[PDB]
Structures are given as C-alpha cells and as structure tokens.
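*Asks:* here's a sequence, model it:
(2 chains)
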Amino acid sequence: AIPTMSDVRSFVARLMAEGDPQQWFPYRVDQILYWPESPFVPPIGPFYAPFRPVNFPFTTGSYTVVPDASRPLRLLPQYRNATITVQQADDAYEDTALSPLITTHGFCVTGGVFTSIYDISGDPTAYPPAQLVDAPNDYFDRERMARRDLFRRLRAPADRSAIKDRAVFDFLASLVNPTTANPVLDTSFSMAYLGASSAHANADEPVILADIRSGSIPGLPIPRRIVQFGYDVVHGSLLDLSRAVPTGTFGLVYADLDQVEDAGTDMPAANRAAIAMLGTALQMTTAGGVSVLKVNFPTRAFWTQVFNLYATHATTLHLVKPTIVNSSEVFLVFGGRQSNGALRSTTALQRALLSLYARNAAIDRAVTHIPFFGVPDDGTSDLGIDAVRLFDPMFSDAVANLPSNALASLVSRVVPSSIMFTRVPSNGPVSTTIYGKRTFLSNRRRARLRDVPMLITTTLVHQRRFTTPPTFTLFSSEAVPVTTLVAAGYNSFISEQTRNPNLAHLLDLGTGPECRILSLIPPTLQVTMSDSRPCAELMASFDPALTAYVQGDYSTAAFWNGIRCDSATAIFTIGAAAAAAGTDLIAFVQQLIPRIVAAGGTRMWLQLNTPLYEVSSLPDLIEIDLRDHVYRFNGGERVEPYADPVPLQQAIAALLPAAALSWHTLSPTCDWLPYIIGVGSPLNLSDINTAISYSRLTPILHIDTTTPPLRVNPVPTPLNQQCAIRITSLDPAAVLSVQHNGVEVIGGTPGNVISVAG
Amino acid sequence: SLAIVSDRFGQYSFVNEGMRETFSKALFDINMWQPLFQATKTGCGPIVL
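*Replies:* Numbering: from 1, shown residues only, chains lettered A, B, ... in the order given. Structure as follows:
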C-alpha cells in the first residue's frame, strides 16, 4: 500500500543487478506491446507496439493473493529430461550451500519405556554357571561408550527412576498366591531403599517415595517404613552400604548400586562390590524377605557368586530391565530370603540374557553411526544437513544450469526422503533456501546414478509468495506402528540378497511411484520393476545399471510372461491383489505358483496377511473376519485379505513341498530397527512391541525354489506333548544346528544346548 | 618424440570436416520441431555442436 523503506531498499537492490530485456525502445516514442493484450488506447505521444515484432511467449492471468506462509514448505521434485554431470551437480551444490550449520539433534527416542522380564521356572535341571555364556569381552570400548552417551542424551524424560520402580513394583505385586488369597506383601509393610539419591528431577527426592507413601501402587497399598540410605541423601543417613552397617531388618530390600567410579577397567572390583552389598542385603532381610539388586555390569563370575553363596537360602529368582536407554543394568529381584532353596540357572534366564545382550549390541552398532554433539557438516556422517540456497530466485528453466543443477544435486543427495524449499521473507537478496538430510540410504541411490535430472522448474514457480525459513532439525517426531513394520520387511530384503548380501537379480512386485526399492538394493544389483501405476518421477530414466521397468499389473491373465529374475518381492501387495480379484486365496496363490514356476526365479517373497499361530485380534489395528477371510484394518478402512495358517499349509502340502520354507523372524530381533533409526526417526519402545505383535499376523513368507524341501509338522499331539516328523536327505552323522537367530536350542549331537521346555 | 594430447578427457584428433558438416545438419532435423519439443518439455535446447 504505502511501500516501506525496507521494501523499496530491497527492491532497488534487486534491480541494480544484471540481465537484459528483449523489447528495447527508441527514445522518440513509447512502445506498448504488439501482442494486443495491453489495453492501448490512443495516447498523445506513444505510437503503439514495439516496431519490431520478434518472438517470445506471453499469456493472461491474474495473481493469486497468497499471504506470507509462516511455515517451511515441502517439495515434490518432478523431473525434467535435462541431466547434468555429477561433478557439476556437486560443484553447484558447493557453490550455493548454506551448509555447514549446527544441527539441532532432537531425539533418538520419544518414549523409552519397556519391561524386560527374567524369571523362575521349574525347568532348571543341570544348568550351572558353566552353562552361562559370558558377557561381551569388549563391552568397554571408546566407540561403545560414545554410543551410550549419544543415545542417553537423545532421550529426555527426566522421570527415569519413576517409570523404573512403578514397573518393578507392579511386577513384584503380581505374585498373588491362591493358598493365601493374598500377594506376597500386605499393607503397611517395609522398604529398605538403599543406594539413595537427591533426585533433582522436579522433586529433590526420589520421585517414587512420595507416591508410594500416599498410595500410588496399583493393587498393593501403602508401606509403613522407608529409608533413604546412601551418599547423596537428604532424608535418611550417610552409610557405606556395601560394608557392614547397622543391622536393621527389612522386608523389601531395594539395593541400588550407583556405580560411581572412573576406572571401569577393574572388572574384579566391580563384581566384588556387588557381592559385598548382596551380603549386606541378606543380613538385612526379615524371615522370608525379598530383595532387589540393581547391578550395572553383569558377568558369569557374579552369577556364580550369587548361586554359590546365596541360592541355598533363597526360594525364588526374578530379574528385570527397565528399557529406557541402551545399557546393561539389571535388577536382581530375589524372593524368599533366609530360607532353604535349591535354585539353579534357568532356560528362561538364559534366553533372556541372550536377548538382552543382543538388543544392546544391535542398537549399539547403529547408534555408533549417529553424529555427535557439536558436529559441523563433514559430508561423512551417516546423517546430516545439506541445504543449498537460491540468491534471488532464478528458477527459470533447464538452460539456466547453475540453479537447476544445484537443486538437482541436492535432490540426488537426499533421494526422496527430505526435501524443503522456502522463499524467505527478507529484505535484500530474497533467499530461496532448499533443505535436506543425508542418509546411508539416499547415498545408495546416488551411487546408482548416471546423472542428475534437472527437475521441472514450473512446480517450484507456482509459489508466488513469501515462505518462511526452516528451523533446521536432524530428528523429527515419532514412530508410526505401520511404518516400523514396513521398514522391517525392507530391512529383511536388504539383508537377504541372494546368498547373504551377495548381489541380486530381482523384481519388484508393485513398484511404488517413488521407487524406494532402489535405495534398498545395492547399486550393483540387477533389477526388474513392475510399476503397475504409471510412474514418471525418477522412474526409468537411467537404465545403465539394469533398471528394467515393466509397466502394468501382473495379476491379470498373461503379462508375467516376459519377466525373469531370482527374487520376487511382494509385501502387502498380494493381499490387495487377491481382494481385487474376488477369489479363493487358494486358487489365486495356486495360479501364482505355476506362473512363477515358468520363470528363472528363486526368492519368492510372499507377504500375505496370515497368522503364524493362534489368532488374536488387534484392536485399533487388525480385526479378523473369517466368513470372508479378510482383515478389517483400523486405519480408516483397509480391506487386507487374510489366511489361517493351516489352510495355507494345507494348500502347500497338497500341491508340493519342493521348496525352502522360511518365515521372517522380526518379532524378537532388534536388527531391523537400525533401519528406522537411520531415517532420522524418533523411535518408540511401546510402538515397537505393538508392531511386534502385528508382524505375527503380517509376516513375509519367504519361499525359495531351487532348494531342499523343509519339513514342518506341528499338528499331532501338541498339548505340551510332541510333534513327529523326519528331516530328509542328510548325512548319516548329522550335526543338527537348529537355532533361533543365534539361539541354539537344538544342536543335534551337540546336546549341551537343549534349552527347550520339552 | 610425440605424445598424444589429452585423450584423458579432451584433446583428441583434428575433427572430420565432413563429419562436422554432416552432424550439424542432423541437429537441424530436430530444430525443425523446436517449438514442439519445447512445448513437450523434452530437453529441447538446441545443442550447438
């Protein structure tokens, strides 16, 4: 309206740049467009037009009055066929980058809440220390420590101790006994809270205590008597817990080793301390009494001393890990103190040990890859921010090059994950900052490139206004259950190439428009792509590394025909496809085998919606309908066809079994979760297990052609009794390596592993 | 003694007079449809051999 000092000075600054028009003018006349859009009356002095009708585009159109958008904007990079050389791309990036800049980390995890059980069982027969597989002999490494800090950092709850105890106390209360009608503990009971702290997390005391005292334990009510014994204590006393301290008798001994020392190199001292306060906790127990032992570093030698020195006088063993952060801190929850017992190491306890350690390890390897605190952009970090800026917007077309290429470049680096553009409200050079995040994933795709398509300039030009800058952040928001589960199938793909990530001639059955498959396949791989939907955006353009696009929908009669590969990837797709067809799943599947029978194919990755075991409905997710053997998916509405396991098995059996029969074991294993972390994604631990459940109903049935039939029979005499069957075509002296992702149950001849209940 | 110029990434042989002349002509075929290429957004921009 009335132009600001600010805006005029901006506009002028802009004007006093470079670049020249087409329709010049003589100074004797005014020259008003020969293409008669202009409303040119008969003016006194102006003749008309420029005298010289040349050639250039024009058109009519009004301006969309769009307000200043106080939000960062996303960009779909629709591509145009003018394909810059890698070096130039890179170069131009270098030229326009606003990067390096100090990356707001955010969070690794948004919700670090889980309870990992360890338990008693009537299963220990001959399992001594000598059975127990010793801790990672490597656990104190530079990199490994950084990892723990990194993760810890990138999780801010502050109510760590709270969640902790509330969980344990729920667990401990859960020991409800028939014979008495009551739990282990009644009302107005006893706590020996030892290893106590001034917990400055809004309370200035242990957050738990106040709640317990007041009645904040589901099911069990109040204690009487609680102590705050320690070192950094406010309501209690200064005692050295480990040594011989004033013998007072308590029912619930909560021992807490705040392991405060620099010199972690002394493992002996670490265990001898634990031993000492284990003693003291026994000295402390009233007749029958329970005790909790928060121990940091577990080991064989510890478990040893427990067994040997204590078990005698304890009836029951429980243990837990509050899974907040990634660390080795177990809670030894023992029951029935100062009484006779003949406790021994349990199969349960073993499995749980292994699972824990493995969780730790898997997450460890991932996290180690994440950028540290106060890291400038080095190019190298698995994650980081590469943003380029456009100094006074020269979007234009292909011919412009330097803008378009830098753009392009940024898009090659990022590969459909992150992609922002914003024309910043600013007075002077009007910056149109373009922002991205590098990933290991994006790199893989970049590597497969020949060249970089300068995307269609027009998609950008559509935004005629002012858009505010992004805040700049590494991490995002949260982990959607559904997306976790898809990512887990994807991980599985990646890591099962041929003969252990061994280069792969495959197909994509149902190539999503974005082609994420390419980002999962190593750049060397030789791929077929059935993109049923008409895809244009970064689709086939660069054929070199065999990107064999076969448009159209395979499900139809005759079309599959032409396709050769050795891995046919179908996750979810098949589901949808059978619904489309309105057919007996049996029949459809069946027809699909002969199909693929005629092709040069090995890995059939058939992820039908089928249960692995006993059907449980998953509300607000998966609802199961049998009458028409379909999932009614809760996210709005998604009709996903489902099959029971036995009719499937029944159909396979009836046909033939001439193939390898493998299921993708996602539900315990941490390994696929690094994938998730990898794409700048605030994990959730409760969202993890939910997915975990859901997998069991949506697994990838991996069926391999040219292989020995696998023989599964689990139907006769189940009932905690026994199945019968034969494993064929094997050497007279066989060493029967049967395992559960390392978890060696069944060794064959190596029977020293018989860990099964049964 | 002679060593060939930079085959490496550039400086090669004396160009075929005929091949230049020919090739430029070929480019002109495409040029015959320039307005259409352009409209199709199909990298139209006349090469300039």
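
*Asks:* residue of chain B closest to chain A, please.
*Replies:* At 4.3 Å from chain A, residue B:43 is the closest residue in chain B, using Cβ to the nearest Cβ. Backbone N, C-alpha and C define where each C-beta goes, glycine included.

*Asks:* so who does that residue touch?
*Replies:* Shown in contact with residue B:43 (Cβ atoms under 8 Å, 6 or more residues apart in numbering or on different chains): A:80-82, A:398, B:37.

*Asks:* for it, give its distance to residue B:33.
*Replies:* Counting by Cβ to Cβ, to the nearest Å, the separation of residue B:43 from residue B:33 is 13 Å.

*Asks:* and for stretch A:91-102, what's in contact with it?
*Replies:* Contacts of stretch A:91-102 (Cβ under 8 Å, 6+ apart): A:374, A:376-377, A:385-391, A:401-403, A:405-406, A:409-410, A:413, A:433, A:472.

*Asks:* tell me the phi and psi of the closest residue to residue A:602 other than its chain neighbours?
*Replies:* In this structure, residue A:602 finds its nearest non-sequential neighbour in residue A:566, 4.3 Å apart by Cβ to Cβ, 6 or more residues apart in numbering or on different chains. Note on residue A:566: backbone dihedrals following degrees, to the nearest 10 are phi -120, psi 30.

*Asks:* residue A:566 - how many residues pack around it?
*Replies:* A count of neighbours around residue A:566, defined by other Cβ atoms under 10 Å in any protein chain shown, yields 19.

*Asks:* might you report the residue contacts of it?
*Replies:* Applying Cβ under 8 Å, 6+ apart to residue A:566 gives the contacts A:498, A:504-506, A:600-603.

*Asks:* residue A:494: what's it in contact with?
*Replies:* Applying Cβ under 8 Å, 6+ apart, the residues near residue A:494 are A:501, A:520-521, A:675.

*Asks:* again, but for residue A:320
*Replies:* Residue A:320 touches A:115-118, A:167-168, A:171, A:330-331, A:333, counting by Cβ under 8 Å, 6+ apart.

*Asks:* out of those, which are buried?
*Replies:* A:115, A:118, A:167-168, A:171, A:330-331, A:333 (16 or more other Cβ atoms under 10 Å in any protein chain shown).

*Asks:* now, those residues that are in helices?
*Replies:* A:167-168, A:171 (DSSP state H).

*Asks:* let me know the closest of the buried ones among the contacts of residue A:320 to residue A:304.
*Replies:* residue A:330 (15.1 Å; Cβ to Cβ).

*Asks:* mind listing what that closest one touches?
*Replies:* A:118, A:294-296, A:298, A:319-321, A:356.

*Asks:* now restrict the contacts of residue B:43 to buried residues only.
*Replies:* Neighbour-count burial (16+ other Cβ under 10 Å) applied to these gives A:80, A:82, A:398, B:37.

*Asks:* adding secondary structure, write the residues you listed out as a markdown table.
*Replies:* Formatted as a markdown table, those follow (DSSP: H, G, I helix; E, B strand; the rest coil):
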| residue | secondary structure |
| --- | --- |
| A:80 | coil |
| A:82 | strand |
| A:398 | coil |
| B:37 | helix |
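
*Asks:* please, a PyMOL command that selects the buried ones among the contacts of residue A:330?
*Replies:* Restricted to buried positions by 16+ other Cβ under 10 Å, the PyMOL selection for the contacts of residue A:330 reads:
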select buried, chain A and resi 118+294+295+298+319+320+321+356
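
*Asks:* residues from the stretch 401-550 of chain A in reach of chain B?
*Replies:* Taking Cβ under 8 Å from any Cβ of the partner chain as the measure of proximity, the stretch 401-550 of chain A contacts chain B at residue A:456.

*Asks:* okay, and which of the contacts of residue A:320 map to strands?
*Replies:* Members of the contacts of residue A:320 lying in strands (criterion: DSSP state E): A:115-118, A:330-331, A:333.

*Asks:* just give me the neighbour total for residue A:453.
*Replies:* Neighbours of residue A:453 using other Cβ under 10 Å come to 25.

*Asks:* so what's it bridging to?
*Replies:* residue A:83 (DSSP bridges).

*Asks:* that one contacts residue A:89, correct?
*Replies:* No. If you go by Cβ atoms under 8 Å, residue A:453 and residue A:89 don't touch, sitting 10.3 Å apart.

*Asks:* that older thread, looking at the contacts of residue A:494, spot the one nearest chain B.
*Replies:* Comparing those against chain B with Cβ to the nearest Cβ picks out residue A:521 as the nearest, at 27.7 Å.

*Asks:* alpha carbons of stretch A:63-77, as PDB, please.
*Replies:* Provided in PDB are the C-alpha atoms of stretch A:63-77 (Å, rounded to 0.1, in the frame of the first residue of the first chain):
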ATOM      1  CA  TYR A  63      -2.300 -13.200  -9.400                       C
ATOM      2  CA  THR A  64      -3.300 -15.400  -6.500                       C
ATOM      3  CA  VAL A  65      -3.300 -13.300  -3.400                       C
ATOM      4  CA  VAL A  66      -1.500 -15.700  -1.000                       C
ATOM      5  CA  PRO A  67      -0.400 -14.500   2.500                       C
ATOM      6  CA  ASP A  68       3.000 -14.900   4.000                       C
ATOM      7  CA  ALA A  69       3.200 -18.500   5.000                       C
ATOM      8  CA  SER A  70       4.800 -18.800   8.300                       C
ATOM      9  CA  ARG A  71       5.700 -22.500   7.600                       C
ATOM     10  CA  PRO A  72       8.500 -24.300   5.900                       C
ATOM     11  CA  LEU A  73       7.500 -26.000   2.600                       C
ATOM     12  CA  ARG A  74       7.800 -29.400   1.100                       C
ATOM     13  CA  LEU A  75       8.800 -30.100  -2.500                       C
ATOM     14  CA  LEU A  76       7.900 -32.900  -4.800                       C
ATOM     15  CA  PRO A  77      10.800 -33.000  -7.300                       C
END
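
*Asks:* can you tell me the element the residue in the stretch 251-400 of chain A positioned nearest to chain B falls in?
*Replies:* In the stretch 251-400 of chain A, no residue comes nearer to chain B than residue A:399, which is 5.7 Å away by Cβ to the nearest Cβ. Applying DSSP states H and E as the criterion places residue A:399 outside every helix and strand.

*Asks:* for it, which residues are in contact?
*Replies:* Residue A:399 neighbours (Cβ under 8 Å, 6+ apart): residue B:45.

*Asks:* same question for residue A:723.
*Replies:* Neighbours of residue A:723 in contact, by Cβ under 8 Å, 6+ apart: A:713-717.

*Asks:* is residue A:409 part of a helix or strand, or is it coil?
*Replies:* helix.

*Asks:* which SSE is the closest residue to residue A:153 other than its chain neighbours in?
*Replies:* What sits nearest to residue A:153 in space, not counting adjacent residues and going by Cβ to Cβ, 6+ apart, is residue A:373, at 7.2 Å. Here residue A:373, judged by DSSP H and E, is contained in no helix and no strand.

*Asks:* hang on, the earlier thing: could the ones in strands among the contacts of residue A:320 be laid out in CSV, adding distance to residue A:243?
*Replies:* Rendered in CSV, the data for the ones in strands among the contacts of residue A:320 read as follows (distance: Cβ to Cβ, whole Å):
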residue, distance to residue A:243
A:115, 32
A:116, 31
A:117, 32
A:118, 28
A:330, 23
A:331, 22
A:333, 23
